[PDB]
């Protein structure tokens, strides 16, 4: 359980992406985790198709630009036996008809692991496994206009999450509660710290970050 962790440094994270005006954070989150877990199994980092997820994973109970869960996406790739590359199946930001092509598949998974609902367990996973899909409470002006430092919103909810993101590490600064999660959001590089956000860690599961954490098995 190193005191600090950043999976970017290890070649597990792709660049920050833009979801645009569409309810598909859950897709970006899930390709984030799959990107890293594939990169652990194979050492090739390949960007994956959110459009594929948005378009094709209705049967798993996702709902395109109207929402879905990372767990349904991980299911979809198991159910479907593959997921296409970003290059082969580019992000359109609407919801179209399934064009999944099995010949351009680059990732597959054998299920997913739901993390216990605690920050200690999250931290283990982030340190042992790689980047983790999580859901957070992002329904606040403060998040929307975030810019730097350690995000703390007194109004944030431990259990009512409305946005999926990726945890790519954690660290601490240099008075009292100094610790944070390194979180990769999908709103383009403009937003906050290069598209990233240093969420408050170990302050009572702030924004519910530890509350629906998972990753795929590959």
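Positions refer to the first chain, counted from 1.
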Exercise. From residue 174 on to residue 175, does the model leave out none, 1 to 3, 4 to 9, or 10 or more residues of the deposited sequence?
Worked result: 1 to 3
Seminar exercise, completed: Looking only at C-alpha temperature factors in the entry, 76-84 or 91-99, the higher average sits in 91-99
Problem set entry | Which of 57-65 and 175-183 has higher mean CA B factor, as the PDB entry lists it | 175-183
For this session: Classify residue 144 as lowest, middle or highest third according to the C-alpha B-factor given in the PDB entry, relative to its own chain.
Result: highest
For this session: State the tercile, meaning the lowest, middle or highest third, of residue 151 with respect to the CA B-factors recorded for its chain.
Result: middle
For this session: Relative to the other modelled residues of the same chain, rank the CA B-factor of residue 106 and answer lowest, middle or highest third.
Result: middle
For this session: Pull the Cα B-factor of residue 21 out of the PDB entry and bin it into the chain's lowest, middle or highest third.
Result: highest
Exercise. Based on the entry's values, in what third of the chain does the Cα temperature factor of residue 35 lie: lowest, middle or highest?
Worked result: lowest
